[PDB]
file work_5.txt (compact mmCIF, C-alpha atoms)
# COMPACT_ATOMS: atom_id res chain seq x y z
CA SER A 2 -89.16 -38.03 -83.39
CA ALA A 3 -86.86 -40.27 -81.34
CA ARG A 4 -87.99 -42.90 -78.85
CA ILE A 5 -86.10 -44.67 -76.06
CA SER A 6 -85.38 -48.18 -77.31
CA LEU A 7 -82.84 -49.48 -74.80
CA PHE A 8 -80.97 -48.85 -71.56
CA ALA A 9 -77.48 -50.26 -71.11
CA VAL A 10 -75.08 -50.91 -68.25
CA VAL A 11 -71.30 -51.42 -68.45
CA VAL A 12 -70.12 -54.56 -66.64
CA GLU A 13 -66.72 -55.77 -65.49
CA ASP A 14 -67.93 -59.40 -65.59
CA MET A 15 -70.85 -60.44 -67.80
CA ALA A 16 -71.65 -63.73 -66.05
CA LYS A 17 -71.58 -62.13 -62.59
CA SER A 18 -73.83 -59.25 -63.60
CA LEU A 19 -76.27 -61.51 -65.44
CA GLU A 20 -76.72 -63.86 -62.48
CA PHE A 21 -77.70 -60.94 -60.24
CA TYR A 22 -80.39 -59.75 -62.68
CA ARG A 23 -81.65 -63.29 -63.26
CA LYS A 24 -82.21 -63.27 -59.50
CA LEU A 25 -84.50 -60.26 -59.96
CA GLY A 26 -86.76 -61.93 -62.53
CA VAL A 27 -85.02 -60.81 -65.74
CA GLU A 28 -85.15 -63.52 -68.39
CA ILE A 29 -81.59 -64.14 -69.55
CA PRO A 30 -80.21 -67.32 -71.17
CA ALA A 31 -77.25 -69.04 -69.49
CA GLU A 32 -75.52 -68.92 -72.87
CA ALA A 33 -75.30 -65.12 -72.55
CA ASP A 34 -72.58 -65.54 -69.93
CA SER A 35 -70.01 -65.98 -72.74
CA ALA A 36 -71.22 -62.94 -74.68
CA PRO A 37 -69.41 -59.56 -74.83
CA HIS A 38 -72.84 -57.91 -75.17
CA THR A 39 -76.21 -59.13 -73.94
CA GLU A 40 -79.76 -57.79 -74.40
CA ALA A 41 -83.01 -58.76 -72.68
CA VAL A 42 -86.41 -57.61 -73.91
CA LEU A 43 -88.59 -56.01 -71.22
CA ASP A 44 -92.41 -56.06 -71.33
CA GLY A 45 -93.41 -53.55 -74.00
CA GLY A 46 -90.33 -53.82 -76.20
CA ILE A 47 -87.68 -51.71 -74.49
CA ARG A 48 -84.43 -53.63 -73.96
CA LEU A 49 -81.99 -53.76 -71.07
CA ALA A 50 -78.44 -54.41 -72.28
CA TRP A 51 -75.07 -55.30 -70.78
CA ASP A 52 -71.69 -54.53 -72.39
CA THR A 53 -68.32 -55.59 -71.05
CA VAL A 54 -65.66 -52.91 -70.54
CA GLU A 55 -63.71 -54.29 -73.51
CA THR A 56 -66.79 -54.00 -75.74
CA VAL A 57 -67.29 -50.38 -74.69
CA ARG A 58 -63.63 -49.56 -75.31
CA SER A 59 -63.87 -51.02 -78.82
CA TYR A 60 -65.62 -47.81 -79.95
CA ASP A 61 -65.07 -45.65 -76.84
CA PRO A 62 -61.30 -46.19 -76.19
CA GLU A 63 -60.89 -43.60 -73.42
CA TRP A 64 -63.67 -45.00 -71.23
CA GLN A 65 -62.71 -45.21 -67.55
CA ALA A 66 -64.79 -46.49 -64.62
CA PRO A 67 -66.26 -43.43 -62.86
CA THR A 68 -65.55 -42.61 -59.22
CA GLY A 69 -67.93 -40.77 -56.92
CA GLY A 70 -71.70 -40.88 -56.50
CA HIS A 71 -73.95 -43.09 -58.61
CA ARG A 72 -75.42 -41.37 -61.66
CA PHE A 73 -78.48 -43.61 -61.89
CA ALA A 74 -80.56 -46.40 -60.37
CA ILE A 75 -82.69 -49.28 -61.69
CA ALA A 76 -85.96 -49.84 -59.82
CA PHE A 77 -87.82 -53.16 -59.74
CA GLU A 78 -91.48 -53.35 -58.80
CA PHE A 79 -92.98 -56.17 -56.75
CA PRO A 80 -96.65 -57.00 -56.09
CA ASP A 81 -96.50 -56.61 -52.30
CA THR A 82 -94.45 -55.95 -49.17
CA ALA A 83 -93.82 -59.65 -48.57
CA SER A 84 -92.15 -60.12 -51.97
CA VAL A 85 -89.96 -57.03 -51.56
CA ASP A 86 -88.67 -58.08 -48.13
CA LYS A 87 -88.20 -61.69 -49.24
CA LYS A 88 -86.18 -60.66 -52.29
CA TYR A 89 -83.96 -58.31 -50.27
CA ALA A 90 -83.11 -61.11 -47.84
CA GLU A 91 -82.60 -63.54 -50.73
CA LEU A 92 -80.15 -61.20 -52.48
CA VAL A 93 -78.25 -60.40 -49.29
CA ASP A 94 -78.15 -64.11 -48.45
CA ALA A 95 -76.69 -64.67 -51.93
CA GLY A 96 -73.76 -62.39 -51.15
CA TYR A 97 -75.04 -59.15 -52.67
CA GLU A 98 -74.84 -55.81 -50.86
CA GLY A 99 -77.94 -54.86 -48.90
CA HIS A 100 -77.62 -51.07 -48.87
CA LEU A 101 -80.86 -49.99 -47.18
CA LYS A 102 -83.12 -52.59 -45.58
CA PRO A 103 -86.88 -52.55 -46.36
CA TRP A 104 -88.84 -49.62 -44.95
CA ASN A 105 -92.14 -47.86 -45.62
CA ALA A 106 -91.15 -44.84 -47.69
CA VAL A 107 -92.88 -41.51 -47.16
CA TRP A 108 -94.02 -41.62 -50.79
CA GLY A 109 -96.20 -44.66 -50.05
CA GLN A 110 -94.17 -47.69 -51.08
CA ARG A 111 -92.36 -50.51 -49.33
CA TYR A 112 -88.78 -49.67 -50.37
CA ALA A 113 -85.30 -51.23 -50.19
CA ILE A 114 -81.92 -50.76 -51.85
CA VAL A 115 -79.21 -53.21 -52.90
CA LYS A 116 -76.18 -52.93 -55.20
CA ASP A 117 -75.51 -55.01 -58.29
CA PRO A 118 -72.14 -56.72 -58.92
CA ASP A 119 -70.78 -53.53 -60.49
CA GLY A 120 -71.87 -51.40 -57.54
CA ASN A 121 -74.88 -49.86 -59.27
CA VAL A 122 -77.86 -48.82 -57.17
CA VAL A 123 -80.91 -51.06 -57.53
CA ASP A 124 -84.20 -50.22 -55.83
CA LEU A 125 -86.80 -52.81 -54.84
CA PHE A 126 -90.32 -51.55 -54.22
CA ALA A 127 -94.01 -52.39 -53.89
CA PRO A 128 -96.97 -50.08 -53.55
CA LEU A 129 -98.74 -49.66 -50.21
CA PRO A 130 -102.35 -49.37 -51.53
CA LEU A 131 -103.93 -49.04 -48.08
CA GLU A 132 -102.31 -45.61 -47.58
CA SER B 202 -93.14 -61.45 -59.45
CA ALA B 203 -90.59 -58.69 -60.11
CA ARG B 204 -90.37 -56.43 -63.15
CA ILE B 205 -88.23 -53.48 -64.15
CA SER B 206 -90.37 -50.40 -63.65
CA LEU B 207 -88.10 -47.36 -63.59
CA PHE B 208 -84.68 -46.04 -64.68
CA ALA B 209 -83.66 -42.93 -62.74
CA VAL B 210 -80.83 -40.46 -63.19
CA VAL B 211 -79.40 -38.08 -60.58
CA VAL B 212 -79.51 -34.44 -61.71
CA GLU B 213 -77.54 -31.50 -60.33
CA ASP B 214 -80.14 -29.26 -61.99
CA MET B 215 -83.60 -30.58 -62.88
CA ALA B 216 -84.28 -27.79 -65.37
CA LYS B 217 -80.95 -28.28 -67.18
CA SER B 218 -81.52 -32.02 -67.42
CA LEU B 219 -85.17 -31.90 -68.53
CA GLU B 220 -84.47 -29.39 -71.30
CA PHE B 221 -81.88 -31.77 -72.75
CA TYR B 222 -84.31 -34.67 -72.80
CA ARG B 223 -87.18 -32.59 -74.18
CA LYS B 224 -84.79 -32.03 -77.10
CA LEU B 225 -84.80 -35.81 -77.63
CA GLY B 226 -88.58 -35.99 -77.84
CA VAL B 227 -89.30 -36.86 -74.22
CA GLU B 228 -92.62 -35.29 -73.23
CA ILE B 229 -92.03 -33.42 -69.98
CA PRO B 230 -94.31 -30.75 -68.46
CA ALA B 231 -92.67 -27.33 -68.08
CA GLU B 232 -93.48 -27.13 -64.38
CA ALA B 233 -91.43 -30.28 -63.75
CA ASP B 234 -88.38 -28.01 -63.97
CA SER B 235 -89.03 -26.92 -60.39
CA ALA B 236 -89.75 -30.40 -59.04
CA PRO B 237 -87.25 -32.48 -56.99
CA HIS B 238 -88.44 -35.56 -58.87
CA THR B 239 -89.80 -36.01 -62.39
CA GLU B 240 -91.09 -39.06 -64.30
CA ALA B 241 -91.96 -39.84 -67.93
CA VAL B 242 -93.87 -42.94 -69.03
CA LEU B 243 -92.30 -44.85 -71.93
CA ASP B 244 -93.25 -47.85 -74.06
CA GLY B 245 -94.83 -50.62 -72.01
CA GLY B 246 -95.19 -48.51 -68.88
CA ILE B 247 -91.52 -48.36 -67.94
CA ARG B 248 -90.56 -44.93 -66.65
CA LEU B 249 -87.52 -42.71 -66.93
CA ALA B 250 -87.11 -40.61 -63.79
CA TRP B 251 -84.98 -37.69 -62.58
CA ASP B 252 -84.05 -36.91 -58.96
CA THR B 253 -82.14 -33.87 -57.76
CA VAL B 254 -78.89 -34.39 -55.90
CA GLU B 255 -80.58 -33.05 -52.73
CA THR B 256 -83.36 -35.61 -53.04
CA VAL B 257 -80.61 -38.22 -53.44
CA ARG B 258 -78.38 -36.93 -50.62
CA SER B 259 -81.46 -37.37 -48.43
CA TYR B 260 -80.82 -41.14 -48.29
CA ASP B 261 -77.13 -40.70 -49.20
CA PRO B 262 -75.57 -37.57 -47.59
CA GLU B 263 -72.21 -38.77 -48.87
CA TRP B 264 -73.09 -38.57 -52.57
CA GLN B 265 -70.48 -36.60 -54.49
CA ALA B 266 -70.65 -35.68 -58.17
CA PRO B 267 -68.77 -38.45 -60.02
CA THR B 268 -66.14 -38.19 -62.72
CA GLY B 269 -65.26 -40.63 -65.45
CA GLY B 270 -67.02 -42.73 -68.03
CA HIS B 271 -70.57 -43.98 -67.87
CA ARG B 272 -71.86 -47.06 -66.07
CA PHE B 273 -75.22 -46.42 -67.73
CA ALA B 274 -76.47 -45.34 -71.18
CA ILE B 275 -79.84 -44.47 -72.72
CA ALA B 276 -80.32 -45.30 -76.42
CA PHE B 277 -82.76 -43.36 -78.63
CA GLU B 278 -83.94 -44.84 -81.94
CA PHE B 279 -84.70 -42.54 -84.87
CA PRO B 280 -87.00 -42.99 -87.92
CA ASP B 281 -84.13 -42.63 -90.40
CA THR B 282 -80.37 -42.18 -90.52
CA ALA B 283 -80.49 -38.48 -91.53
CA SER B 284 -82.30 -37.82 -88.24
CA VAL B 285 -79.30 -39.12 -86.25
CA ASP B 286 -76.81 -36.70 -87.84
CA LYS B 287 -79.31 -33.87 -87.55
CA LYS B 288 -80.06 -34.42 -83.86
CA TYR B 289 -76.35 -34.74 -83.06
CA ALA B 290 -75.57 -31.40 -84.69
CA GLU B 291 -78.54 -29.76 -82.96
CA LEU B 292 -77.56 -30.98 -79.51
CA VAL B 293 -73.93 -29.95 -80.00
CA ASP B 294 -75.16 -26.55 -81.18
CA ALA B 295 -77.36 -26.29 -78.08
CA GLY B 296 -74.13 -26.62 -76.10
CA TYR B 297 -74.31 -30.29 -75.16
CA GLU B 298 -71.34 -32.67 -75.21
CA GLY B 299 -70.79 -34.46 -78.50
CA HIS B 300 -68.88 -37.62 -77.54
CA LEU B 301 -68.57 -39.59 -80.79
CA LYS B 302 -69.72 -38.09 -84.09
CA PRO B 303 -72.10 -40.01 -86.39
CA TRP B 304 -70.71 -43.10 -88.07
CA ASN B 305 -71.93 -46.31 -89.71
CA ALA B 306 -71.44 -48.79 -86.85
CA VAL B 307 -70.35 -52.33 -87.76
CA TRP B 308 -73.52 -53.71 -86.17
CA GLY B 309 -75.62 -52.09 -88.91
CA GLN B 310 -76.73 -48.71 -87.57
CA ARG B 311 -76.01 -45.03 -88.12
CA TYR B 312 -74.72 -44.29 -84.62
CA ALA B 313 -73.73 -41.22 -82.56
CA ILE B 314 -73.03 -40.56 -78.88
CA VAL B 315 -73.52 -37.50 -76.71
CA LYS B 316 -73.56 -36.98 -72.94
CA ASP B 317 -76.43 -35.44 -71.01
CA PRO B 318 -75.87 -32.53 -68.56
CA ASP B 319 -74.97 -35.01 -65.79
CA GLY B 320 -72.47 -37.22 -67.61
CA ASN B 321 -74.84 -39.99 -68.67
CA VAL B 322 -74.22 -41.41 -72.11
CA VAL B 323 -76.94 -41.07 -74.71
CA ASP B 324 -76.81 -43.13 -77.91
CA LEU B 325 -78.54 -41.92 -81.09
CA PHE B 326 -79.24 -44.55 -83.73
CA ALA B 327 -81.23 -45.66 -86.77
CA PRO B 328 -80.99 -48.88 -88.81
CA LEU B 329 -78.95 -48.73 -92.02

call {"tool": "encode", "arguments": {"input": "work_5.txt", "output": "structure tokens"}}
result
Amino acid sequence: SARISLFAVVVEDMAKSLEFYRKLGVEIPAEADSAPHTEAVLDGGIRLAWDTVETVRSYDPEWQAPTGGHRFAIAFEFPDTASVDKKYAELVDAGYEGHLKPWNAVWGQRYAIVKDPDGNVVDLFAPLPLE
Amino acid sequence: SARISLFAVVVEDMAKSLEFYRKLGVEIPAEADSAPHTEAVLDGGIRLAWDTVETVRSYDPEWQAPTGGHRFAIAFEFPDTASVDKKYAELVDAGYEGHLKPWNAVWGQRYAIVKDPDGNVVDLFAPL
């Protein structure tokens, strides 16, 4: 039986994408900026990977950047409301797109949304245990 | 302080999506087919989630089904190489999109690529 081993995102610029994720706590060496493909190991073993458009086209020649609504989102968990809000402001202050400012979501979590350098949706959240 | 916790995909049809993933060994309750949101816990606690387009258009009324290549891919590892070819044939027979047929990738893996019901790329692999 199969098991999910890795998740990957296609990036226009490796260095630019990597710096955004480093800002979200993902451990990535600076040296990876010059790589056509980068992988980071998440807690538990699953990997998050980045492949440049050229790398993708090496085996998937007809690949074209999609237009329209996002097909997915990557959600990061924080310990509390303070850390979520602080990170949102930090990312926006760093030049990244703040899509939806922090709010208390009906499902019981402090929630916020930003976009990565490639325009992908990234959620920031923390539980609201008092609810 | 921050850690990746979830990877979510937008589905036009929850049932159609979930049945594809159940075919890849993802344990998903049958009643999740009628839910606007579904989650499955993977190795280490990270979750794969599904959200209907309506759920999505809630906080994004503009959302329009995209077209084009993937910006995101999910890679499934298999116990052996024969399992990769077998699963690829099965999924294609089930009516799913076979993108790139099995081959011995230069990085040292039997590799194959299909697309899920919503256009997301799914890699099938096993070490050579």

call {"tool": "closest_residue", "arguments": {"input": "work_5.txt", "among": "A:100, A:23, A:87, A:72", "to": "chain B", "atoms": "all atoms listed in the file"}}
result
A:72

call {"tool": "closest_atom_pairs", "arguments": {"input": "work_5.txt", "of": "stretch 265-322 of chain B", "to": "stretch 4-20 of chain A", "cutoff": "9 Å", "atoms": "all atoms listed in the file", "output": "JSON lines"}}
result
{"residue": "B:271", "atom": "CA", "partner": "A:11", "partner_atom": "CA", "distance": 7.5}
{"residue": "B:272", "atom": "CA", "partner": "A:11", "partner_atom": "CA", "distance": 5.0}
{"residue": "B:273", "atom": "CA", "partner": "A:10", "partner_atom": "CA", "distance": 4.5}
{"residue": "B:274", "atom": "CA", "partner": "A:9", "partner_atom": "CA", "distance": 5.0}
{"residue": "B:275", "atom": "CA", "partner": "A:8", "partner_atom": "CA", "distance": 4.7}
{"residue": "B:276", "atom": "CA", "partner": "A:7", "partner_atom": "CA", "distance": 5.1}
{"residue": "B:277", "atom": "CA", "partner": "A:5", "partner_atom": "CA", "distance": 4.4}
{"residue": "B:278", "atom": "CA", "partner": "A:4", "partner_atom": "CA", "distance": 5.5}
{"residue": "B:279", "atom": "CA", "partner": "A:4", "partner_atom": "CA", "distance": 6.9}

call {"tool": "atom_distance", "arguments": {"input": "work_5.txt", "atom1": "atom CA of residue A:54", "atom2": "atom CA of residue A:119"}}
result
11.3 Å

call {"tool": "closest_residue", "arguments": {"input": "work_5.txt", "among": "A:28, A:86, A:34, A:44", "to": "residue A:115", "atoms": "only C-alpha atoms"}}
result
A:86

call {"tool": "residues_around", "arguments": {"input": "work_5.txt", "residues": "residue A:60", "least_positions_apart": "3", "cutoff": "9 Å", "atoms": "all atoms listed in the file", "output": "PyMOL selection string"}}
result
(chain A and resi 56-57) or (chain B and resi 301)

call {"tool": "atom_distance", "arguments": {"input": "work_5.txt", "atom1": "atom CA of residue A:83", "atom2": "atom CA of residue A:111"}}
result
9.3 Å

call {"tool": "residues_near_point", "arguments": {"input": "work_5.txt", "point": "(-87.8, -28.0, -61.0)", "cutoff": "9 Å", "atoms": "all atoms listed in the file", "output": "PyMOL selection string"}}
result
chain B and resi 214-216+219+231-239+253

call {"tool": "closest_residue", "arguments": {"input": "work_5.txt", "among": "A:75, A:85, A:33, A:50", "to": "chain B", "atoms": "only C-alpha atoms"}}
result
A:75

call {"tool": "closest_residue", "arguments": {"input": "work_5.txt", "among": "A:95, A:107, A:90, A:125", "to": "chain B", "atoms": "all atoms listed in the file"}}
result
A:125

call {"tool": "residues_around", "arguments": {"input": "work_5.txt", "residues": "residue A:105", "least_positions_apart": "2", "cutoff": "10 Å", "atoms": "all atoms listed in the file", "output": "list in words"}}
result
residues 82, 103, 107, 108, 109, 110, 111, 112, 113, 126, 127, 128 and 129 of chain A

call {"tool": "closest_atom_pairs", "arguments": {"input": "work_5.txt", "of": "chain B", "to": "chain A", "cutoff": "6 Å", "atoms": "all atoms listed in the file", "output": "CSV"}}
result
residue,atom,partner,partner_atom,distance
B:202,CA,A:79,CA,5.9
B:203,CA,A:79,CA,4.8
B:204,CA,A:77,CA,5.4
B:205,CA,A:77,CA,4.4
B:206,CA,A:77,CA,5.4
B:207,CA,A:76,CA,5.0
B:208,CA,A:75,CA,4.8
B:209,CA,A:74,CA,5.2
B:210,CA,A:73,CA,4.1
B:211,CA,A:72,CA,5.3
B:226,CA,A:3,CA,5.8
B:244,CA,A:45,CA,5.7
B:245,CA,A:45,CA,3.8
B:264,CA,A:70,CA,4.8
B:265,CA,A:70,CA,4.9
B:266,CA,A:70,CA,5.6
B:267,CA,A:69,CA,4.0
B:268,CA,A:67,CA,5.2
B:269,CA,A:67,CA,3.9
B:270,CA,A:65,CA,5.0
B:272,CA,A:11,CA,5.0
B:273,CA,A:10,CA,4.5
B:274,CA,A:9,CA,5.0
B:275,CA,A:8,CA,4.7
B:276,CA,A:7,CA,5.1
B:277,CA,A:5,CA,4.4
B:278,CA,A:4,CA,5.5
B:279,CA,A:3,CA,4.7

call {"tool": "residues_around", "arguments": {"input": "work_5.txt", "residues": "residue B:297", "least_positions_apart": "3", "cutoff": "10 Å", "atoms": "all atoms listed in the file", "output": "list in words"}}
result
residues 221, 289, 290, 291, 292, 293, 294, 300, 315, 316, 317 and 318 of chain B

call {"tool": "build_atoms", "arguments": {"input": "work_5.txt", "residues": "stretch 216-249 of chain B", "atoms": "N, CA and C atoms", "output": "PDB file, keeping the file's coordinate frame"}}
result
ATOM      1  N   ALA B 216     -83.977 -28.562 -64.177  1.00  0.00           N
ATOM      2  CA  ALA B 216     -84.280 -27.790 -65.370  1.00  0.00           C
ATOM      3  C   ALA B 216     -83.287 -28.050 -66.507  1.00  0.00           C
ATOM      4  N   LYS B 217     -81.994 -28.050 -66.178  1.00  0.00           N
ATOM      5  CA  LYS B 217     -80.950 -28.280 -67.180  1.00  0.00           C
ATOM      6  C   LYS B 217     -81.081 -29.663 -67.790  1.00  0.00           C
ATOM      7  N   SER B 218     -81.380 -30.649 -66.951  1.00  0.00           N
ATOM      8  CA  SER B 218     -81.520 -32.020 -67.420  1.00  0.00           C
ATOM      9  C   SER B 218     -82.753 -32.207 -68.304  1.00  0.00           C
ATOM     10  N   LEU B 219     -83.907 -31.767 -67.807  1.00  0.00           N
ATOM     11  CA  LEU B 219     -85.170 -31.900 -68.530  1.00  0.00           C
ATOM     12  C   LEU B 219     -85.167 -31.234 -69.898  1.00  0.00           C
ATOM     13  N   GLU B 220     -84.508 -30.083 -70.019  1.00  0.00           N
ATOM     14  CA  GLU B 220     -84.470 -29.390 -71.300  1.00  0.00           C
ATOM     15  C   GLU B 220     -83.660 -30.175 -72.331  1.00  0.00           C
ATOM     16  N   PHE B 221     -82.687 -30.945 -71.860  1.00  0.00           N
ATOM     17  CA  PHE B 221     -81.880 -31.770 -72.750  1.00  0.00           C
ATOM     18  C   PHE B 221     -82.768 -32.883 -73.285  1.00  0.00           C
ATOM     19  N   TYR B 222     -83.459 -33.568 -72.386  1.00  0.00           N
ATOM     20  CA  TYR B 222     -84.310 -34.670 -72.800  1.00  0.00           C
ATOM     21  C   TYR B 222     -85.522 -34.260 -73.627  1.00  0.00           C
ATOM     22  N   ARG B 223     -86.036 -33.055 -73.407  1.00  0.00           N
ATOM     23  CA  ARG B 223     -87.180 -32.590 -74.180  1.00  0.00           C
ATOM     24  C   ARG B 223     -86.702 -32.440 -75.629  1.00  0.00           C
ATOM     25  N   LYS B 224     -85.401 -32.189 -75.784  1.00  0.00           N
ATOM     26  CA  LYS B 224     -84.790 -32.030 -77.100  1.00  0.00           C
ATOM     27  C   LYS B 224     -84.708 -33.382 -77.813  1.00  0.00           C
ATOM     28  N   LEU B 225     -84.846 -34.466 -77.056  1.00  0.00           N
ATOM     29  CA  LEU B 225     -84.800 -35.810 -77.630  1.00  0.00           C
ATOM     30  C   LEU B 225     -86.208 -36.396 -77.747  1.00  0.00           C
ATOM     31  N   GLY B 226     -87.215 -35.530 -77.703  1.00  0.00           N
ATOM     32  CA  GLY B 226     -88.580 -35.990 -77.840  1.00  0.00           C
ATOM     33  C   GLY B 226     -89.282 -36.510 -76.594  1.00  0.00           C
ATOM     34  N   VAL B 227     -88.649 -36.387 -75.432  1.00  0.00           N
ATOM     35  CA  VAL B 227     -89.300 -36.860 -74.220  1.00  0.00           C
ATOM     36  C   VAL B 227     -90.307 -35.799 -73.772  1.00  0.00           C
ATOM     37  N   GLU B 228     -91.559 -36.213 -73.631  1.00  0.00           N
ATOM     38  CA  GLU B 228     -92.620 -35.290 -73.230  1.00  0.00           C
ATOM     39  C   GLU B 228     -92.542 -34.994 -71.740  1.00  0.00           C
ATOM     40  N   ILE B 229     -92.127 -33.783 -71.387  1.00  0.00           N
ATOM     41  CA  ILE B 229     -92.030 -33.420 -69.980  1.00  0.00           C
ATOM     42  C   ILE B 229     -92.649 -32.057 -69.717  1.00  0.00           C
ATOM     43  N   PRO B 230     -93.635 -32.005 -68.809  1.00  0.00           N
ATOM     44  CA  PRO B 230     -94.310 -30.750 -68.460  1.00  0.00           C
ATOM     45  C   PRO B 230     -93.314 -29.687 -67.986  1.00  0.00           C
ATOM     46  N   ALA B 231     -93.538 -28.451 -68.417  1.00  0.00           N
ATOM     47  CA  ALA B 231     -92.670 -27.330 -68.080  1.00  0.00           C
ATOM     48  C   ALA B 231     -92.486 -27.110 -66.581  1.00  0.00           C
ATOM     49  N   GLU B 232     -93.542 -27.340 -65.814  1.00  0.00           N
ATOM     50  CA  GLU B 232     -93.480 -27.130 -64.380  1.00  0.00           C
ATOM     51  C   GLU B 232     -92.638 -28.169 -63.653  1.00  0.00           C
ATOM     52  N   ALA B 233     -92.245 -29.229 -64.355  1.00  0.00           N
ATOM     53  CA  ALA B 233     -91.430 -30.280 -63.750  1.00  0.00           C
ATOM     54  C   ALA B 233     -90.025 -29.755 -63.468  1.00  0.00           C
ATOM     55  N   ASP B 234     -89.686 -28.646 -64.120  1.00  0.00           N
ATOM     56  CA  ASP B 234     -88.380 -28.010 -63.970  1.00  0.00           C
ATOM     57  C   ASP B 234     -88.105 -27.651 -62.512  1.00  0.00           C
ATOM     58  N   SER B 235     -89.163 -27.312 -61.782  1.00  0.00           N
ATOM     59  CA  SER B 235     -89.030 -26.920 -60.390  1.00  0.00           C
ATOM     60  C   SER B 235     -89.370 -28.027 -59.391  1.00  0.00           C
ATOM     61  N   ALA B 236     -89.452 -29.257 -59.886  1.00  0.00           N
ATOM     62  CA  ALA B 236     -89.750 -30.400 -59.040  1.00  0.00           C
ATOM     63  C   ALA B 236     -88.455 -31.099 -58.643  1.00  0.00           C
ATOM     64  N   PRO B 237     -88.439 -31.763 -57.471  1.00  0.00           N
ATOM     65  CA  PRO B 237     -87.250 -32.480 -56.990  1.00  0.00           C
ATOM     66  C   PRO B 237     -87.203 -33.875 -57.609  1.00  0.00           C
ATOM     67  N   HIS B 238     -88.315 -34.260 -58.226  1.00  0.00           N
ATOM     68  CA  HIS B 238     -88.440 -35.560 -58.870  1.00  0.00           C
ATOM     69  C   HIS B 238     -89.385 -35.435 -60.061  1.00  0.00           C
ATOM     70  N   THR B 239     -88.991 -36.031 -61.178  1.00  0.00           N
ATOM     71  CA  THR B 239     -89.800 -36.010 -62.390  1.00  0.00           C
ATOM     72  C   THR B 239     -89.839 -37.416 -62.993  1.00  0.00           C
ATOM     73  N   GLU B 240     -90.927 -37.743 -63.684  1.00  0.00           N
ATOM     74  CA  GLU B 240     -91.090 -39.060 -64.300  1.00  0.00           C
ATOM     75  C   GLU B 240     -91.729 -38.935 -65.675  1.00  0.00           C
ATOM     76  N   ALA B 241     -91.376 -39.836 -66.587  1.00  0.00           N
ATOM     77  CA  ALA B 241     -91.960 -39.840 -67.930  1.00  0.00           C
ATOM     78  C   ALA B 241     -92.241 -41.297 -68.264  1.00  0.00           C
ATOM     79  N   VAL B 242     -93.468 -41.578 -68.693  1.00  0.00           N
ATOM     80  CA  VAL B 242     -93.870 -42.940 -69.030  1.00  0.00           C
ATOM     81  C   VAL B 242     -93.494 -43.275 -70.471  1.00  0.00           C
ATOM     82  N   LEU B 243     -92.769 -44.378 -70.626  1.00  0.00           N
ATOM     83  CA  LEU B 243     -92.300 -44.850 -71.930  1.00  0.00           C
ATOM     84  C   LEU B 243     -93.072 -46.086 -72.392  1.00  0.00           C
ATOM     85  N   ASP B 244     -92.618 -46.667 -73.494  1.00  0.00           N
ATOM     86  CA  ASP B 244     -93.250 -47.850 -74.060  1.00  0.00           C
ATOM     87  C   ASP B 244     -93.406 -48.964 -73.022  1.00  0.00           C
ATOM     88  N   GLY B 245     -94.604 -49.533 -72.943  1.00  0.00           N
ATOM     89  CA  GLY B 245     -94.830 -50.620 -72.010  1.00  0.00           C
ATOM     90  C   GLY B 245     -95.036 -50.232 -70.554  1.00  0.00           C
ATOM     91  N   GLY B 246     -94.985 -48.941 -70.250  1.00  0.00           N
ATOM     92  CA  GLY B 246     -95.190 -48.510 -68.880  1.00  0.00           C
ATOM     93  C   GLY B 246     -93.933 -48.241 -68.079  1.00  0.00           C
ATOM     94  N   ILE B 247     -92.782 -48.615 -68.625  1.00  0.00           N
ATOM     95  CA  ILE B 247     -91.520 -48.360 -67.940  1.00  0.00           C
ATOM     96  C   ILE B 247     -91.322 -46.847 -67.891  1.00  0.00           C
ATOM     97  N   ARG B 248     -90.753 -46.355 -66.799  1.00  0.00           N
ATOM     98  CA  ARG B 248     -90.560 -44.930 -66.650  1.00  0.00           C
ATOM     99  C   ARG B 248     -89.102 -44.516 -66.557  1.00  0.00           C
ATOM    100  N   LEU B 249     -88.829 -43.310 -67.039  1.00  0.00           N
ATOM    101  CA  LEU B 249     -87.520 -42.710 -66.930  1.00  0.00           C
ATOM    102  C   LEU B 249     -87.779 -41.649 -65.866  1.00  0.00           C
TER     103      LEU B 249
END
